[PDB]
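With PDB, N, CA, C and O atoms and all ligand atoms inside, this is coords-v8.pdb:
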```pdb
ATOM      1  N   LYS S   1      42.970  -9.853  39.310
ATOM      2  CA  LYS S   1      42.471  -9.695  37.944
ATOM      3  C   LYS S   1      41.255  -8.714  37.957
ATOM      4  O   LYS S   1      41.381  -7.497  38.286
ATOM      5  N   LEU S   2      40.063  -9.258  37.738
ATOM      6  CA  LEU S   2      38.873  -8.443  37.530
ATOM      7  C   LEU S   2      38.152  -8.297  38.860
ATOM      8  O   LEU S   2      38.178  -9.261  39.627
ATOM      9  N   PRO S   3      37.509  -7.130  39.125
ATOM     10  CA  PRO S   3      36.653  -7.083  40.317
ATOM     11  C   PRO S   3      35.502  -8.121  40.302
ATOM     12  O   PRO S   3      35.265  -8.773  39.275
ATOM     13  N   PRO S   4      34.795  -8.272  41.439
ATOM     14  CA  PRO S   4      33.807  -9.332  41.559
ATOM     15  C   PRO S   4      32.729  -9.172  40.551
ATOM     16  O   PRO S   4      32.323  -8.043  40.236
ATOM     17  N   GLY S   5      32.276 -10.285  40.049
ATOM     18  CA  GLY S   5      31.244 -10.287  39.033
ATOM     19  C   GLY S   5      31.764 -10.315  37.577
ATOM     20  O   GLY S   5      31.061 -10.765  36.669
ATOM     21  N   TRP S   6      32.958  -9.818  37.334
ATOM     22  CA  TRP S   6      33.438  -9.665  35.950
ATOM     23  C   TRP S   6      34.006 -10.939  35.411
ATOM     24  O   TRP S   6      34.789 -11.617  36.065
ATOM     25  N   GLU S   7      33.639 -11.262  34.174
ATOM     26  CA  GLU S   7      34.177 -12.411  33.496
ATOM     27  C   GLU S   7      34.219 -12.114  32.014
ATOM     28  O   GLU S   7      33.561 -11.220  31.555
ATOM     29  N   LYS S   8      35.043 -12.818  31.291
ATOM     30  CA  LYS S   8      35.072 -12.666  29.827
ATOM     31  C   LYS S   8      34.061 -13.572  29.172
ATOM     32  O   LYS S   8      33.970 -14.704  29.570
ATOM     33  N   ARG S   9      33.398 -13.110  28.126
ATOM     34  CA  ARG S   9      32.483 -13.917  27.298
ATOM     35  C   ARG S   9      32.767 -13.736  25.816
ATOM     36  O   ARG S   9      33.293 -12.707  25.417
ATOM     37  N   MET S  10      32.455 -14.768  25.019
ATOM     38  CA  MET S  10      32.587 -14.754  23.562
ATOM     39  C   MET S  10      31.225 -14.419  23.058
ATOM     40  O   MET S  10      30.293 -15.138  23.392
ATOM     41  N   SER S  11      31.100 -13.397  22.217
ATOM     42  CA  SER S  11      29.827 -13.042  21.680
ATOM     43  C   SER S  11      29.194 -14.199  20.867
ATOM     44  O   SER S  11      29.839 -14.762  19.955
ATOM     45  N   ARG S  12      27.909 -14.442  21.143
ATOM     46  CA  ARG S  12      27.150 -15.443  20.390
ATOM     47  C   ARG S  12      26.638 -14.942  19.015
ATOM     48  O   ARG S  12      26.044 -15.730  18.273
ATOM     49  N   UNK S  13      26.863 -13.695  18.703
ATOM     50  CA  UNK S  13      26.442 -13.087  17.449
ATOM     51  C   UNK S  13      28.744 -13.465  16.307
ATOM     52  O   UNK S  13      28.404 -14.503  15.806
ATOM     53  N   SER S  14      30.041 -13.124  16.388
ATOM     54  CA  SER S  14      31.069 -13.995  15.872
ATOM     55  C   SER S  14      32.261 -14.111  16.774
ATOM     56  O   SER S  14      33.371 -14.263  16.304
ATOM     57  N   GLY S  15      32.012 -14.111  18.076
ATOM     58  CA  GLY S  15      33.042 -14.587  18.997
ATOM     59  C   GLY S  15      33.956 -13.541  19.591
ATOM     60  O   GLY S  15      34.937 -13.927  20.267
ATOM     61  N   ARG S  16      33.698 -12.252  19.309
ATOM     62  CA  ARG S  16      34.481 -11.186  19.938
ATOM     63  C   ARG S  16      34.305 -11.249  21.456
ATOM     64  O   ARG S  16      33.208 -11.557  21.953
ATOM     65  N   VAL S  17      35.403 -11.016  22.189
ATOM     66  CA  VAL S  17      35.425 -11.193  23.627
ATOM     67  C   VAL S  17      35.077  -9.899  24.271
ATOM     68  O   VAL S  17      35.633  -8.857  23.925
ATOM     69  N   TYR S  18      34.153  -9.967  25.221
ATOM     70  CA  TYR S  18      33.814  -8.830  26.030
ATOM     71  C   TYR S  18      33.835  -9.182  27.486
ATOM     72  O   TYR S  18      33.749 -10.358  27.873
ATOM     73  N   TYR S  19      33.886  -8.157  28.280
ATOM     74  CA  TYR S  19      33.845  -8.324  29.725
ATOM     75  C   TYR S  19      32.377  -8.134  30.156
ATOM     76  O   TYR S  19      31.701  -7.183  29.691
ATOM     77  N   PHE S  20      31.872  -9.066  30.928
ATOM     78  CA  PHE S  20      30.508  -9.084  31.391
ATOM     79  C   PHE S  20      30.481  -9.205  32.915
ATOM     80  O   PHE S  20      31.217 -10.025  33.512
ATOM     81  N   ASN S  21      29.616  -8.451  33.565
ATOM     82  CA  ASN S  21      29.501  -8.586  35.032
ATOM     83  C   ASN S  21      28.186  -9.305  35.358
ATOM     84  O   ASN S  21      27.104  -8.779  35.076
ATOM     85  N   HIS S  22      28.279 -10.531  35.897
ATOM     86  CA  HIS S  22      27.065 -11.312  36.149
ATOM     87  C   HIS S  22      26.268 -10.777  37.357
ATOM     88  O   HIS S  22      25.077 -11.067  37.493
ATOM     89  N   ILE S  23      26.908  -9.973  38.203
ATOM     90  CA  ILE S  23      26.224  -9.295  39.329
ATOM     91  C   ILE S  23      25.418  -8.154  38.841
ATOM     92  O   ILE S  23      24.241  -8.107  39.120
ATOM     93  N   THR S  24      26.004  -7.284  38.045
ATOM     94  CA  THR S  24      25.366  -6.014  37.690
ATOM     95  C   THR S  24      24.755  -6.054  36.282
ATOM     96  O   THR S  24      24.062  -5.153  35.937
ATOM     97  N   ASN S  25      24.951  -7.127  35.508
ATOM     98  CA  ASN S  25      24.707  -7.118  34.026
ATOM     99  C   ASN S  25      25.412  -6.064  33.128
ATOM    100  O   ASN S  25      25.062  -5.943  31.962
ATOM    101  N   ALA S  26      26.423  -5.392  33.630
ATOM    102  CA  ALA S  26      27.199  -4.482  32.837
ATOM    103  C   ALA S  26      27.991  -5.282  31.778
ATOM    104  O   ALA S  26      28.263  -6.470  31.962
ATOM    105  N   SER S  27      28.268  -4.677  30.638
ATOM    106  CA  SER S  27      29.222  -5.259  29.655
ATOM    107  C   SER S  27      30.041  -4.152  29.038
ATOM    108  O   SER S  27      29.521  -3.047  28.889
ATOM    109  N   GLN S  28      31.301  -4.437  28.691
ATOM    110  CA  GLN S  28      32.117  -3.492  28.039
ATOM    111  C   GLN S  28      33.259  -4.179  27.303
ATOM    112  O   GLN S  28      33.605  -5.304  27.624
ATOM    113  N   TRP S  29      33.833  -3.502  26.317
ATOM    114  CA  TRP S  29      35.010  -4.050  25.663
ATOM    115  C   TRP S  29      36.294  -3.984  26.503
ATOM    116  O   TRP S  29      37.095  -4.895  26.479
ATOM    117  N   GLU S  30      36.526  -2.839  27.093
ATOM    118  CA  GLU S  30      37.700  -2.517  27.836
ATOM    119  C   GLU S  30      37.687  -3.220  29.142
ATOM    120  O   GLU S  30      36.631  -3.538  29.728
ATOM    121  N   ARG S  31      38.888  -3.486  29.621
ATOM    122  CA  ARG S  31      39.047  -4.215  30.854
ATOM    123  C   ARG S  31      38.592  -3.345  32.047
ATOM    124  O   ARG S  31      38.962  -2.204  32.143
ATOM    125  N   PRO S  32      37.713  -3.870  32.884
ATOM    126  CA  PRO S  32      37.313  -3.077  34.089
ATOM    127  C   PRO S  32      38.447  -3.075  35.125
ATOM    128  O   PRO S  32      39.072  -4.116  35.317
ATOM    129  N   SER S  33      38.680  -1.984  35.843
ATOM    130  CA  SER S  33      39.803  -1.981  36.850
ATOM    131  C   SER S  33      39.469  -2.538  38.258
ATOM    132  O   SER S  33      38.707  -1.940  39.030
TER     133      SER S  33
HETATM  134 CL    CL Q   1      32.699 -13.487  40.173
HETATM  135 CL    CL Q   2      31.114 -17.384  26.394
HETATM  136 CL    CL Q   3      26.787 -13.322  23.935
HETATM  137 CL    CL Q   4      31.189 -10.633  17.501
END
```
Would it be possible to restate this file's structure as C-alpha cells?
Amino acid sequence: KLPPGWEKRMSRXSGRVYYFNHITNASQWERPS
C-alpha cells in the first residue's frame, strides 16, 4: 500500500480524507507511491 509513515486522515475542519506522513509531517490529497 503506502510507503512508511503514510496514513489516511479525516480532516477535523468536514471530514475530507487526506494522506498524512507521521514521519515527515507531509500531507497531500493524492495517493503517495
Ligand atoms: Cl507507518
Ligand atoms: Cl482521522
Ligand atoms: Cl485534521
Ligand atoms: Cl474537509
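Counting only C-alpha atoms and all ligand atoms and comparing S:27, S:11, S:33, S:21, the residue that lies closest to ligand CL 4 (chain Q) is S:11.
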Throw together the list of residues within 6 Å of ligand CL 2 (chain Q), counting all atoms listed in the file, and drop it here as a PyMOL selection string.
chain S and resi 8-11
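Coordinates place atom C of residue 31 of chain S at a distance of 21.1 Å from atom C of residue 13 of chain S.
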Excluding residue 24 of chain S and residues on its chain fewer than 6 positions from it, collect all residues at most 8 Å away from it, counting all atoms listed in the file, and give them as a list in words.
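The contact residues come out as residues 4, 5 and 6 of chain S.
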Those selected residues, please, written with N, CA, C and O atoms and delivered as a compact mmCIF listing (two decimals), keeping the file's coordinate frame.
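Now in selection-v2.txt:
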```txt
# COMPACT_ATOMS: atom_id res chain seq x y z
N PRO S 4 34.80 -8.27 41.44
CA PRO S 4 33.81 -9.33 41.56
C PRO S 4 32.73 -9.17 40.55
O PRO S 4 32.32 -8.04 40.24
N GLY S 5 32.28 -10.28 40.05
CA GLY S 5 31.24 -10.29 39.03
C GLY S 5 31.76 -10.32 37.58
O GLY S 5 31.06 -10.76 36.67
N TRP S 6 32.96 -9.82 37.33
CA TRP S 6 33.44 -9.66 35.95
C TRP S 6 34.01 -10.94 35.41
O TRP S 6 34.79 -11.62 36.06
```
From the list S:22, S:7, S:12, S:32, which residue is nearest ligand CL 4 (chain Q) when using only C-alpha atoms and all ligand atoms?
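Among the listed residues, the smallest separation from ligand CL 4 (chain Q) belongs to S:12.
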Separation of atom CA of residue 3 of chain S from atom CA of residue 29 of chain S in Å
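Spanning atom CA of residue 29 of chain S to atom CA of residue 3 of chain S is a straight-line distance of 15.1 Å.
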Do you have the atom C of residue 15 of chain S-atom O of residue 2 of chain S distance handy?
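A separation of 20.9 Å between them.
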Might I get the box with edges along x, y and z of the file that holds all atoms of segment 14-21 of chain S listed there, padded by 3 Å on every side, given as centre and edge lengths in Å to one decimal, as JSON?
```
{"center_x": 31.4, "center_y": -10.9, "center_z": 25.6, "size_x": 14.5, "size_y": 13.4, "size_z": 25.5}
```
Could you check which of S:1, S:30, S:23, S:16 is closest to ligand CL 3 (chain Q), using all atoms listed in the file?
S:16
Taking the DSSP assignment computed from this structure's backbone, write out as a PyMOL selection string all residues of chain S that belong to strand (DSSP E or B).
chain S and resi 6-10+17-21+27-28
